[PDB]
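A.B. asks: Please find one structure pasted underneath; my questions will follow.
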Amino acid sequence: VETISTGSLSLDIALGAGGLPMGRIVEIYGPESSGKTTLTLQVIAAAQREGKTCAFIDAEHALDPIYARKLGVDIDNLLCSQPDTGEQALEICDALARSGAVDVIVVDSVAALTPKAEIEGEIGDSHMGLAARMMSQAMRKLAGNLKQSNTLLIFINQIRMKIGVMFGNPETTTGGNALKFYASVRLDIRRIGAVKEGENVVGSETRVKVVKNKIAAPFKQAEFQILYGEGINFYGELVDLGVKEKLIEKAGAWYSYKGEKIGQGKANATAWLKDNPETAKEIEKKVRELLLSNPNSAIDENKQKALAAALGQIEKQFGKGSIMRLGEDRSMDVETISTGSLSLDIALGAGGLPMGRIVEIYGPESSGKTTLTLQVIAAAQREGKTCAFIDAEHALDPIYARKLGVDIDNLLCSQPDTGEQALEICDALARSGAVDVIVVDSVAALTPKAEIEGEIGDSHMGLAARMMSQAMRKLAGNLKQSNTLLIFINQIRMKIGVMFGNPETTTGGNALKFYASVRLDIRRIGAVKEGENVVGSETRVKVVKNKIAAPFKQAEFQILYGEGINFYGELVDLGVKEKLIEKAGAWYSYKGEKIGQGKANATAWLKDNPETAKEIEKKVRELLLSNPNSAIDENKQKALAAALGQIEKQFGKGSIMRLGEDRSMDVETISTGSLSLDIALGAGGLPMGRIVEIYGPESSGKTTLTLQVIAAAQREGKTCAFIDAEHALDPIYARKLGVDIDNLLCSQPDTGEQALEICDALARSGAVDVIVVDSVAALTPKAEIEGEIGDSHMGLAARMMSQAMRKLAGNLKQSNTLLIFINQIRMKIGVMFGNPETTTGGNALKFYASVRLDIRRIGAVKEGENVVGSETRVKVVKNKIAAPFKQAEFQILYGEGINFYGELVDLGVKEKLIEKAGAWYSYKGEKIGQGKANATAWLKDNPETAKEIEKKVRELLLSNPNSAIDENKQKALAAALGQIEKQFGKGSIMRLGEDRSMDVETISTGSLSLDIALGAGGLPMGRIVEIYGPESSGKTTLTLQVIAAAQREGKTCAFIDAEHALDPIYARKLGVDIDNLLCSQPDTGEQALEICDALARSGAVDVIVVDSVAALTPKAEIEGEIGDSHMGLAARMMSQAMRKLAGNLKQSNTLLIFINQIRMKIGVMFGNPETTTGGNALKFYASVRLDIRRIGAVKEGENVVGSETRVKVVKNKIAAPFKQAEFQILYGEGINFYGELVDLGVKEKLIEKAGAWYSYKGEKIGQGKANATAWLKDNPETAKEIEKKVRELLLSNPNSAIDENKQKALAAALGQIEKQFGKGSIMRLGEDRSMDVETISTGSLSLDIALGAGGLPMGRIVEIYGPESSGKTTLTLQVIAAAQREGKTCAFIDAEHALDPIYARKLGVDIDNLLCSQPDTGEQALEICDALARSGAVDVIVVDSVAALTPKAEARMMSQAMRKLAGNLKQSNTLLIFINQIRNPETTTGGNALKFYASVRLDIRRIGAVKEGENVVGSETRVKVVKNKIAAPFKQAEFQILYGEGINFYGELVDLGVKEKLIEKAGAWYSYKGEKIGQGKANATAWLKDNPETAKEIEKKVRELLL
DNA sequence: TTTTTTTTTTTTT
DNA sequence: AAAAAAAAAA
Ligand SMILES: Nc1ncnc2c1ncn2[C@@H]1O[C@H](COP(=O)(O)OP(=O)(O)O)[C@@H](O)[C@H]1O
Ligand SMILES: Nc1ncnc2c1ncn2[C@@H]1O[C@H](COP(=O)(O)OP(=O)(O)O)[C@@H](O)[C@H]1O
Ligand SMILES: Nc1ncnc2c1ncn2[C@@H]1O[C@H](COP(=O)(O)OP(=O)(O)O)[C@@H](O)[C@H]1O
Ligand SMILES: Nc1ncnc2c1ncn2[C@@H]1O[C@H](COP(=O)(O)OP(=O)(O)O)[C@@H](O)[C@H]1O
Ligand SMILES: Nc1ncnc2c1ncn2[C@@H]1O[C@H](COP(=O)(O)OP(=O)(O)O)[C@@H](O)[C@H]1O
Ligand code: ALF
Ligand code: ALF
Ligand code: ALF
Ligand code: ALF
Ligand code: ALF
Ligand SMILES: [Mg+2]
Ligand SMILES: [Mg+2]
Ligand SMILES: [Mg+2]
Ligand SMILES: [Mg+2]
Ligand SMILES: [Mg+2]
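For reference, each letter of the first sequence is one residue, going 37 to 333, 1001 to 1333, 2001 to 2333, 3001 to 3333, 4001 to 4154, 4168 to 4196, 4205 to 4328 in the entry's author numbering.
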C-alpha cells in the first residue's frame, strides 16, 4: 500500500497510513460549502508537487480555475472534463484508468452523474435508481483497472435525507450502495465554525471524520482551517501538532523551537514556519514519525504515449473538446452580471452573479426577493441580454416591473401550471442557448403535477424535493454549456423540533443548497421614512454560500418603493468611505467641486452626471473587489423561436409570451367598501385573482368588512361565496350590510381540508369571482377533529395551509378569482423584542398573500349615552400591488356597515373639494349640511354628486390607478356544486337565503333587562358564550337561572362544575330541576372539554355550562408537580377545543356558556389591567361576552338580602354590543325578575307611578316597589301582558315520536362518557351524594350562626384574613380541636414558622395526632397539601399564612395551586383553610386566585380588650363573613378570645342567652329562671362554667332557636 | 434505491 | 421577568 498526502497534516494522521491509498477508491461527502471541492484540489496540488498526473471531472460544472490556482494547483497540466452524461464521465475514468498515464482522478459530485436516459427524457416521471444501478456497474469495471494502473479515484458526494428514519441518522449519499462497499476510505467533512478577523470571516473551521477505513483503524477525526483563497492552513496545523508533541515550546503567548523564540501567538509562529521551510520539514517529519499508525514501506516517456492515445480515443468519442487542460479551457472562466446593488456586488467578491451557474435568493415575505431579481434583469437587459421570468408565484406586477426599469416588451414570461412544466420550460430555454438569464419566482410555488391532480390532504412525502433533485441534475449541464444564469427565489419555512442552530429552512429539499454557486439571504431591517411617510425598505443581504469568491460578506441598501434599489445612494456612501468624495459636515465635494448638500442632493447629482458616476464606481470596484474578472445574434433568434414553438405546442396555447402583451397579467381591483381603505391600497381596491389576508383582534371588523366587499362586488354583478368555518355568520346582519343573501353562496364546512377543497373547486370552476374564508383559525384539520382533545398535531395545520397555497395560486389567477382569508391573532410566547403577535396557520399565507390588512377597533362611536359604532383603523401591512404601510380610518355603524359617506365628507373637506365654514359644509357654493352628520346625509341623498366628488378624490389621491358569456359560467358552476355535495354531504354548500339552520334562535337569561341589552332577546342557540367577572359577582347564579329558564321550556341541560363548588340545594332554590340537570365534576380539563364534545355531537343536550375555564386544569399540570411550568399549555388547549366545538355545537343547535374569572395583567399602565384565563381563543369564538359585577348591597334596614348587579354586553355577534343591564340578585331566590319588570314598566309608561303609588291601567297595584313587585307575582297573567309589550317596545333584533329519538342518542352518549372517564363521572345532580354539603363547627357558636350552614364546608376551600394578632392562628386551632373531638384527622402547615405546641394544647388540640409540617419552599407546602388531599386520609388541612408561601426561586403559583387542589379536595371530602395577612386600601397576599376558589372568606379583627380591673386577659373579637357560597353572606359574629383558653364559649353562651331572653339582665345582674347567677358578664360566665348541666340546657334551646 | 415537511401557544399583582 | 414539550405522513 502506497499513500498520497491530503494536504492536511491532521487528516493524514487520522488516516493512520499517512495519506490516501493509491490504486483504490475514495469517497468524500458532506454538507454544501463544507470543503469537498477545496480539499480535493489540495490533494491534486500535493500530488502534482511530486509530479503525478491528475484529472478532474467537473460534473457539478462549478470548478473555478483561478481559485484552483490560488489553492496551488498546476492549472496548465491538470486534465479536466465537464462531461454531458454520467456514463460519459465514468467511461472517461475507465479510459484514464486503463491508460495508466493518470495517477489521480477526482469526480466532482456523484450527485451530478446524471444517467443518459434521464437527460434524454423528461423532468417529472423518474427511473428511480437507474443511477444507482449505473454506479454499481461502474464500480465493478473500475476496481480492476484502478489497481493494475495504480491510479487513485476520489468521488465527491452530496448529502440527501432518508425520510423519517428514527434509528441512526437521517442522512444518505447519492448513487446507491455500490460506492460504500468499494471505497477503501470514506470521509465526512463539515464546517464547524467561522475563522474570524474581528469583523471579517476569512475562513471555515473544519472537521473531517474517517468513516470507513480499509487501510488503517477507522473513526479517527481531524480538525483544521480552510482559509478562503489560500486553502488548508497547513502551517497552522503544524504549529498545534508541534506544541502538542512537545516539539515546540509554548510559554504563554510565546512560541519557542529548540530554545529559539519563533513567534508571539499562533499567528506569528505560523508565519515563521512559513519563512523557514527547511525547519518546517524537519518538524513535520518528526510529527509524522511520532503519530502515523503505519510506515509506507525512459519510463515516463511510455506514459505519454498511452496518455495521448487515451485522449484521442476520448475526443473522437465524446466530442470536439470534451477533455482538455484546465488552463486553456476558455469556457471555464467566470463571468459576472451586476445585481443592481453596488454594495451587493462588492459583497459577492466577483463583482456580480456568475453566468452559467445556479443562484438562490431566500428571505422573509416582502423582503425584496422579487424586486431584487427584477433589478438584475433590468441590468442585464441594459447590456442587451435576453431574460425570462417564471412567475410560479403568480404575483408579478408588470407596471411595477417597468417602474423598476425592466424592458417589459422583451422580457419573456411564463406563469406555468405544474412545477414540472416550469422546470421543463427552463431546460428548453437553457438548451436553446437563446436566453441569458432565467428567474423562477418561488420554488415554494413549484407544485408537483400529482399534488395539483390530487386533493388537499393527499400526502406527497418529499415528492417536491425529489423533483428538485432531478431538476438540478438535468439543468447544471445545460446551463453551463449555454452560459445561462438561473436564479431561484425561495421562501422561508420553520423547522419544528430544533432547539440549537436556527429554526429556518428553505422549500424544495436539499438539492438546491448544493448546486447553487451563490446563496443570498435578504431581509427588511428598517423603514425608509419621510417624516410621516414610509417610502422604502432598509435592506440587508448576506452572502451565505459562495463558490465564486469568499463567502459571508454582507451588503445593506435601500429599496425605494416604485423606484428600486438606491444605487447612487450606495455610491455616495462608498465614495465618501474610500475618500473619493469629500464630506465637509453636510457638504459633499468631488475633486474640489461641491456636488451636494446632504446625501439627498449628492445622490441626485451623481444621477445627473452619469459620466462622473461611472468614473467613481470603477475606482470603488478596483479598490474593493476581492476577485476582478476581466451574424452572431441572428443564429440565436433561430434557436429561440424554435424553443418557443416547442414549448407552446407542449404546454398550451399561450403558456409562454412577452410580458408586455400578456393581458391576463394586468391588475384589476374591487372596492373594499371603504373609500379611505381604497386610497390606502394605492390601487383603488383589492386585486382580482390574488390572495388577501385580513387579521385583527376580536370584534374588530374582520367579518363585517369582508361582507361589505361582497356587497360591493355583487352590486357590480359578481358571484360571491362565503366559507363560514367560524360557524358564526348572521344572515340578517349580512343583509343589513347590503349583501344579496339569496345569491351569496355559502358553506359551513366540517373539516379544514373540506373548506379548502371547496375553494379549489370554486376557483377551477371559474364561476365564482370572490371567495371569503371566515377564520383560518377555524380551519381544523381532519385528523384533529377525528382525534381527541389533547391529541397533539405538531404543525399539521400549518403544513395543510402550505399545501393549499401551492394548489390555489395557479387556479385563482387563471380564473381571475379573489380569495380573502380572515385570520385571528394569537400571542407568541418567549419574544421580548418586536411584537408578540402572530397569525394562525403558519407562514404559508404571509408569503402568498398579495395584500395583508391589520384591522383594529380604536374607539367608540357615541350618541350621548349610546354606543352606535366602532371607530376603526386598518393598516396595509403587505402590498404587492402598490406601496405598503398606508393606513385608513373610518366608522363601522352597527347594523349599517362602513360609514362610506362619512369618509367621503372628510376626504372631500381635506382636499378642499368641500368647504367647511365652522359647522357649515358647502359644495360649490351650495350649503349641503350643518355638521358632519347632515353633510353625510346629504351626499346620501345626492348619489350623483357623491360619485362626482369620489371620482375627483380617487384621481387626487390614488398612487396607482386602474381603468352568451355568463351562460357558460352557470354550466361550470352547477357542475362544481354537484361535485361538492356528492363529496361533502347532502347540504354542505347552499344559498345563504334558503339555509334554515343558519337562522338565529334565543333563550331567556332569566333577566329581562339583560335580554333587552342583548338586543336579540336572549342568548343564541348553537353558539359559544362567555361570562366573566369578579368573585361572588353572580356568574354561577346567573348561569343557573338560564338553565332553569331552559328547563321550564323543556330543554336538556348539562353543568360542568370544574370549580367543584356548585351547591345542589341552592341550585334548586333558584328553580333548577336538579333531578334532570346532568352534571359532571371532571378530573382534568381535557376530560371536561371532551365531555362537551360528546354531549354536543350527541345532539341530546341543548345547553351546557362550564363553571370556570379558570379551573380547566390541563392533564400534564395535574400529573406534574406544583411549580412545574406549563407555558401557555392551558391556552393552547382552549384554542384546540374551540376549533373542535364550533362545528359540533352549530350542527347540534347546542348552547355552551363558559364562566371565567378575572386575573390581573402586570406591567400595563394604559387601558385596563384585567384579563381572562385560558388565552385568546375564547374571545374570538364567543358570539356573546358578558361582564357581570356586584355594584351594591340590597339592604333590609340591618340585613343584606341581595346583590345589586350590573352586566355589560362586551361582545355581540347577534345584535348591537355595549348595552348594559342592572338588576337584583336576591340571595336564595335568584334574579328579581318582577323587580326588573316593575322598573322597566314604569320607564316605558306602562305602569303609572304617583309618588309611592303604582298604578296599572287605572287600577292601583302597590305602594312602593316592594308591593308592586309582589302584585305582579300574584297576577302572572297581567305580568305576561306587560312583559310582552316591553319586549316589543325594547328588543332591537326581534326573534325568529320526536323526543324519543333524543333519549336514544342521549343514553348512548352517557354510556360512552362513563366507560371513558370513570364509574360516575356524569350523573343527575339530584342523586349525586358526594355533592351534598357537610359542615364542621368553627368552635365559635355565633360564627357558626353567621355562616348560615352551621359551620365550615367539607371538601371546600376557606380563607381567613385579618390584622396581626387578630386571632387567625387561634381560631384555626379551635376548629382543628373541634374536628379532632369528632375524630377527624388534621394537618397543619406552619409556613409562618410560629406555631406554639403548648398553646395549641391549651386550646384543646390533640398535639400527638395533629400532623404538622414546616415547609421550606411555598411549592413544597402546596405539593404536600395535594398529596394529603389525594391520600383521602386527612380531613382538614390548614396553611398558616399564604403570606409566608415563598416561591422556590425567591400569585401565579397560587393560581396553579387552586386549579390542582379544587378537584382533589372535593373527591377526598377534605377541608382546606388558608390563613392570610393584610397588605378600602386593603388586600390579601398571593393574588386573586384564592378569592375566587374560596367557598367561605372570613375577616377577623380585634375590637377591644377583655379586662380584669388591671389585667388584659383576652381580645374582644369580631368576624365578618365576606364571601359565602354556602349560605347568605355578610353576617357577622362577635366573641371573646381568652388568652391561653381560646374562644370563650361560655362568654358567647351568656350573650346569646340574654339576646334570646333566656337569661335575664337587670343592669349588672344576670338571672336565669328567677335565680340570680352573676353580677356582670364575668361572673355569669363563671357560673355557667360551674353548672355544666344547666349550661347544656341553655345551649340546646339557643341551637333550636337559632340554627 | 429516492427523497423532506411543517409551528403552537400566555401567565401573573 | 422568567418560564417548554409536543409526530405522522409512500
Ligand atoms: N472560488 C472561491 N473563492 C473563495 N472561497 C471559496 C471558493 N470556492 C469555495 N470557497 C469556499 O470554500 C469553502 C468550501 O467550498 P467547497 O469545497 O466548494 O464546498 P463543497 O465542495 O463541499 O460544496 C466554502 O466556505 C466556500 O465559500
Ligand atoms: N407593486 C409595488 N409597488 C410598490 N411597492 C412594492 C410593489 N411590489 C412590492 N413592493 C415593495 O417592495 C418590497 C419587497 O417586495 P418583493 O420584492 O415583492 O418581496 P418578496 O418577493 O421578497 O416577497 C416590499 O417592501 C413591498 O411592499
Ligand atoms: N349582528 C350584529 N349586530 C350589530 N352589530 C354587530 C353584529 N355583528 C357584529 N357587530 C359589530 O361589528 C363589529 C365587528 O364585528 P365582526 O366583523 O364580527 O368582527 P370580527 O369578525 O373581526 O370578530 C363589532 O363592533 C360588533 O359589535
Ligand atoms: N348557597 C348560597 N346561598 C346563599 N347565597 C349564595 C349561595 N351561593 C352563592 N350565593 C351568593 O350569590 C352571589 C353570587 O354567587 P355566585 O353566582 O356563586 O358567584 P360567582 O360564581 O360569580 O363567584 C353572591 O352574593 C353569593 O354570596
Ligand atoms: N402562645 C400564646 N400564649 C398566650 N397568648 C397567645 C399565644 N399565642 C397567641 N396569643 C394571643 O392570642 C391573640 C391572637 O393570637 P393569634 O391567633 O396567633 O393571632 P394571629 O394569628 O391573628 O396573628 C393575641 O392577642 C396573642 O397575643
Ligand atoms: F415572496 Al413575496 F411578497 F413576493 F412574500
Ligand atoms: F461543492 Al458543493 F455543494 F458540492 F458547494
Ligand atoms: F373573529 Al370574531 F368576533 F368574528 F372575533
Ligand atoms: F400572629 Al399572626 F398571622 F400575625 F399568627
Ligand atoms: F363562583 Al365564584 F368566585 F367563581 F364565587
Ligand atoms: Mg464540491
Ligand atoms: Mg416574490
Ligand atoms: Mg369574524
Ligand atoms: Mg362560580
Ligand atoms: Mg397566625
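The beta carbon of each residue, even a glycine, is placed where N, CA and C say it ideally should be.
What number of angstroms, rounded off, separates the C-alpha of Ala3050 from the C-alpha of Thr3074?
C.D. replies: So the alpha carbons of these two residues sit roughly 19 Å apart.
A.B. asks: Could you tell me if the beta carbon of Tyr1103 falls within a distance shorter than 7 Å of some heavy atom in ligand 2?
C.D. replies: True, at least one ligand heavy atom lies under 7 Å from that Cβ.
A.B. asks: Give a yes or no on whether the C-beta atoms belonging to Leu115 and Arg1028 are separated by under 8 Å.
C.D. replies: A contact, by the Cβ cut-off of 8 Å.
A.B. asks: Given 8 Å as the limit, is there contact between the segment 4178 to 4187 and the segment 4231 to 4242, that is, 3 or more CB pairs closer than that?
C.D. replies: Counting Cβ pairs under 8 Å, fewer than three are found: no touch.
A.B. asks: For the segment 2288 to 2314, list the alpha helix (DSSP H) runs that are entirely contained and at least 4 residues long, ordered along the chain.
C.D. replies: Taking only runs of at least 4 residues, the alpha helix (DSSP H) segments lying wholly in the segment 2288 to 2314 are 2301 to 2311.
A.B. asks: Quick check: is any heavy atom of ligand 14 less than 7 Å from the C-beta of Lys1245?
C.D. replies: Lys1245 Cβ: outside cutoff for every heavy atom of ligand 14.
A.B. asks: As a quick exercise: from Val4037, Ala4009 and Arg4176, pick the residue whose alpha carbon is nearest that of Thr3121.
C.D. replies: Measuring from the Cα of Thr3121, the nearest candidate turns out to be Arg4176.
A.B. asks: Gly1071 to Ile1262, Cα distance in whole Å?
C.D. replies: For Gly1071 and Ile1262, the distance between alpha carbons rounds to 8 Å.
A.B. asks: Assuming the contact rule is C-beta atoms closer than 8 Å, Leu4309 and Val4275 should be a hit. Round their C-beta distance to whole Å, please.
C.D. replies: Going by Cβ atoms, the distance from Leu4309 to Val4275 rounds to 7 Å, so yes, they are a contact pair.
A.B. asks: Cβ atoms of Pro2331 and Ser2220: under 8 Å apart, would you say?
C.D. replies: No; because the gap between Cβ atoms is not below 8 Å, this pair is not in contact.
A.B. asks: Give the straight-line distance between the Cα atoms of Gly2265 and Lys2310, rounded to the nearest whole angstrom.
C.D. replies: Approximately 17 Å, taken between the alpha carbons.
A.B. asks: Should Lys72 be listed as close to ligand 8, given that the test is whether its C-beta is under 7 Å from any heavy atom?
C.D. replies: Answer for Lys72: no, Cβ out of range of ligand 8.
A.B. asks: For the segment 1180 to 1225, which segments carrying the beta strand (DSSP E) assignment without a break, of at least 3 residues, lie completely within its bounds, in sequence order?
C.D. replies: Whole beta strand (DSSP E) segments, 3+ residues: 1188 to 1193, 1195 to 1197 and 1207 to 1209.
A.B. asks: Tell me which residue opens and which closes the alpha helix (DSSP H) that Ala1012 is part of.
C.D. replies: Looking at the DSSP string, the run of the alpha helix (DSSP H) that includes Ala1012 is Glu1004 to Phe1021.
A.B. asks: To the nearest angstrom, how far is it from the Cα of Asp4110 to the Cα of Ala4305?
C.D. replies: Computed Cα separation, rounded: 29 Å.
A.B. asks: Any contact of the segment 1264 to 1282 with the segment 1042 to 1057, i.e. 3+ C-beta pairs under 8 Å?
C.D. replies: Yes, since at least three Cβ pairs between the segment 1264 to 1282 and the segment 1042 to 1057 fall closer than 8 Å, the two stretches touch.
A.B. asks: For ligand 13, which residues have a Cβ under 5 Å from at least one heavy atom, in chain order?
C.D. replies: Listed by chain position, these are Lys2072 and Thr2073.
A.B. asks: Going by beta-carbon coordinates alone, are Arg3226 and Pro3057 separated by less than 8 Å?
C.D. replies: Their beta carbons are not under 8 Å apart, which means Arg3226 does not touch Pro3057 by this criterion.
A.B. asks: Quick test of your reading: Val3221 and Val3231, contact by CB under 8 Å. State the CB separation rounded to the nearest angstrom.
C.D. replies: That belief does not hold up - the Cβ atoms of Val3221 and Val3231 are roughly 26 Å apart, past 8 Å.
A.B. asks: In angstroms with no decimal places, state the Cα-to-Cα distance between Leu188 and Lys250.
C.D. replies: Cα to Cα, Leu188 sits roughly 14 Å from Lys250.
A.B. asks: Rounding to the nearest angstrom, what Cα-Cα distance links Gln3194 and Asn2186 in this structure?
C.D. replies: Approximately 48 Å between the Cα atoms of the pair.
A.B. asks: Return yes when at least one heavy atom of ligand 15 lies under 7 Å from the C-beta of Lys4072, else no.
C.D. replies: The answer is yes for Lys4072.
A.B. asks: Report yes if the C-beta of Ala1252 is less than 7 Å from at least one heavy atom of ligand 1; otherwise report no.
C.D. replies: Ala1252 Cβ: within cutoff of ligand 1.
A.B. asks: Tell me whether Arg4033 is buried or exposed, calling it buried when 16 or more other Cβ atoms sit within 10 Å of its Cβ.
C.D. replies: It is exposed - the Cβ of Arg4033 has fewer than 16 other Cβ atoms within 10 Å.
A.B. asks: Going by DSSP, what residues sit across from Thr242 in a beta bridge?
C.D. replies: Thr242 pairs with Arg227 and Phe260.
A.B. asks: Does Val2140 come out as helix, strand or coil in the three-state DSSP assignment?
C.D. replies: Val2140: strand per DSSP, three-state reduction.
A.B. asks: Would the segment 116 to 132 and the segment 1015 to 1023 be scored as touching if the rule is three or more Cβ pairs under 8 Å?
C.D. replies: Flag = yes, the segment 116 to 132 and the segment 1015 to 1023 touch.
A.B. asks: Beta carbon of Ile1192: closer than 7 Å to some heavy atom of ligand 12?
C.D. replies: Within the cutoff, so yes.
A.B. asks: Could you check whether the Cβ of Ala2252 sits closer than 7 Å to any heavy atom belonging to ligand 10?
C.D. replies: Not under cutoff, so the answer is no.
A.B. asks: In angstroms with no decimal places, state the Cα-to-Cα distance between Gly4239 and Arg4227.
C.D. replies: The alpha-carbon atoms of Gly4239 and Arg4227 are separated by roughly 10 Å.
A.B. asks: Measure how close the beta-carbons of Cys90 and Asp139 come, nearest whole angstrom, since I'm counting them as under 8 Å.
C.D. replies: Rounded, the Cβ-Cβ distance is 7 Å, consistent with contact.
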